[PDB]
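Down below is the structure, laid out as structure tokens.
Each chain gets a letter, A, B and so on, in the order its sequence line appears, and its residues count up from 1. Reckoned from all heavy atoms, side chains included, excluding hydrogens, waters and symmetry mates.
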Amino acid sequence: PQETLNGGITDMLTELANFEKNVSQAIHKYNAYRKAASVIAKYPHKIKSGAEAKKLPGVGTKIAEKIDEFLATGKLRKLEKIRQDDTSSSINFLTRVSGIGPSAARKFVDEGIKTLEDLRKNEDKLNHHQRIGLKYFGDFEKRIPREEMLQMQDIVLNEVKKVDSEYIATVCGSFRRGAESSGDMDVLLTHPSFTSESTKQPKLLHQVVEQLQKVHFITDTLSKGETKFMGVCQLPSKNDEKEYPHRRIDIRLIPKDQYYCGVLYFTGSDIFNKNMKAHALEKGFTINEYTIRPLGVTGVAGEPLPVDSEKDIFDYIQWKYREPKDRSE
DNA sequence: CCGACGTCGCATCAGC
DNA sequence: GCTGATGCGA
DNA sequence: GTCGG
Ligand code: NA
Ligand code: NA
Ligand code: NA
Ligand code: NA
């Protein structure tokens, strides 16, 4: 549905969401506003009153009132006020740097640090993550066209197999669902030698990160432990041509017996996950990102069931296997 | 009326 | 030094 | 902020 349908209202609610999260530190209000904007974004009619909107789940009394004011005046007094406020606008802005959350943003602004330039001048006050976030501030806000995702995947899948051909690696996220662009790259990795009961062998991830660094694909590291890496990567510049933006990439090592529950979950979408979770319950199973387990008559979860593919999961709950490209809901 | 609204791996702080 | 809490991201 | 026990 076109943005000119309710884009004004949805923009307003998203701006409210950001201020609750970044300034008020009210995470649940952030999500309430986000949810309201989602349901409205999907609504295929131009809203004519707060009352019409209130019928939608997640739209309550107060948002209904704001929509009334917005519809009559083309704005919202409280939002106009907070936009102008130097402190709040700065705090809100600083959070766009990866590694700077509401707490760090507040603290920086309290001591007079309000702009990227200010940050640039105060490196000593920034942790490693925050320095990398600042360094790639613009690149991190750019999206990744699917063609670049495919090129990136080519590299990841090639180098993983080169380290050990028994690794299994899957790029997940909306990309796996066939999205035309991505925000980052999420890689789930496993190996037969690693299960929930056997060796947690703590070099499986390191060896892969290392090789990806060795071929100069991974350029920076935000964080890295035995099961999860978050960092930065860049396609080699196809020659004589402009250099590609630096991209965010996550790589997680998952036990083999939990790998497919992991792929399912990190492929999404979120709404699909929710519904699949519903259905599974109805069939007497509880599914999370790690395992699927039978529920007994009084609701006691038994042991995790063997899962050797995504479709195993669907089969446990009597659902026809659905392609990632059809998992919007 | 009033608590729930994922959860968790990693980096870093707070405290002992 | 260690343990647990907190910030952050996803 | 919204929902629901
Ligand atoms: Na409603
Ligand atoms: Na941030
Ligand atoms: Na942010
Ligand atoms: Na081999």
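- Between A/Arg327 and A/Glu310, at least one side-chain nitrogen of the basic residue sits less than 4.0 Å from a carboxylate oxygen of the acidic one, meeting the salt-bridge criterion.
- Spacing between atom CG of A/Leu126 and atom P of B/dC13 amounts to 12 Å, rounded to whole angstrom units.
- Counting any heavy atom pair closer than 4.0 Å across all strands shown, A/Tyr33 reaches sugar-phosphate atoms only and no base atom.
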Reading nucleotides 3-10 of chain C from the 5' end, what letters show protein touch, with B for base, S for backbone sugar-phosphate only, - for no heavy atom under 4.0 Å? ----SSSS

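- Between the NZ atom of A/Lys29 and the P atom of B/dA4 there is a distance of 17 Å, given to the nearest Å.
- Rounding to whole angstrom units, CD1 of residue A/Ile132 and P of B/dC10 are separated by 16 Å.
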Could you please spell out the steps behind the side-chain contact (heavy atoms from CB on, under 4.5 Å) verdict for A/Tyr136 and A/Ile132? CA-CA 6 Å; A/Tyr136 303 117; A/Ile132 289 168; 3.8 Å; yes

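- Ring to ring, A/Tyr260 and A/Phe266 are not that close: their centroids are 6.0 angstrom or more apart.
- As judged by a 4.0 angstrom heavy-atom cut-off over every strand, A/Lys62 is placed among residues touching the sugar-phosphate backbone only.
- Inter-residue side-chain proximity for A/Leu134 and A/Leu116 is flagged as met; some heavy-atom pair is nearer than 4.5 Å.
- For the pair A/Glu329 and A/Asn275, the minimum side-chain heavy-atom distance is below 4.5 Å.
- A/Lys277 has no carboxylate O lying under 4.0 Å from a charged side-chain N of A/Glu289, or vice versa, which leaves the two without a salt bridge.
- If you take atom P in B/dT7 and the same atom in D/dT2, they sit 23 Å apart, rounded to whole Å.
- Using a 4.0 Å heavy-atom criterion, one finds that A/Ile63 contacts the sugar-phosphate atoms exclusively.
- With DNA chain B read from its 5' end, the first of the two nearest nucleotides for A/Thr221 and A/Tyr290 is the one closest to A/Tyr290.
- Salt bridge annotation for A/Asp186-A/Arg252: present, with a cationic side-chain nitrogen under 4.0 angstrom from a carboxylate oxygen.
- The aromatic rings of A/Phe314 and A/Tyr321 stand perpendicular to each other, their planes meeting at an angle above 60°, with 30° marking the opposite boundary.
- Straight-line distance from the CD1 atom of A/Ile27 to the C1' atom of B/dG6: 12 Å, rounded to whole Å.
- When the P atom of D/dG1 is taken as reference, atom CG of A/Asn18 falls 16 Å away, rounded to whole Å.
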So which protein nitrogen or oxygen atoms get under 3.5 Å of nucleotides 3-5 of chain D's nitrogens or oxygens?
{"from": "D/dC3", "atom 1": "OP1", "to": "A/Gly58", "atom 2": "N", "distance (Å)": "2.8"}

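- Note: NZ (A/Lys224) to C1' (B/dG9) measures 13 Å, nearest angstrom.
- Under the 30°/60° scheme for interplanar angles, the aromatic rings of A/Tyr167 and A/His191 are found to stand perpendicular.
- Between the OH atom of A/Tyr30 and the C1' atom of B/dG6 there is a distance of 14 Å, rounded to whole Å.
- Nucleotide D/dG1 carries a south-puckered sugar, as indicated by a negative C1'-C2'-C3'-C4' torsion.
- Rounded to an integer number of Å, the gap from CD of A/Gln258 to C1' of B/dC8 is 13 Å.
- By the 4.0 Å N-to-carboxylate-O rule, A/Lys66 lies too far from A/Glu69 to be salt-bridged with it.
- A gap of 23 Å separates the P atoms of B/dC5 and C/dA10, to the nearest Å.
- Residue A/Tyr265 is classed as a base contact, given a heavy-atom separation below 4.0 Å to a base.
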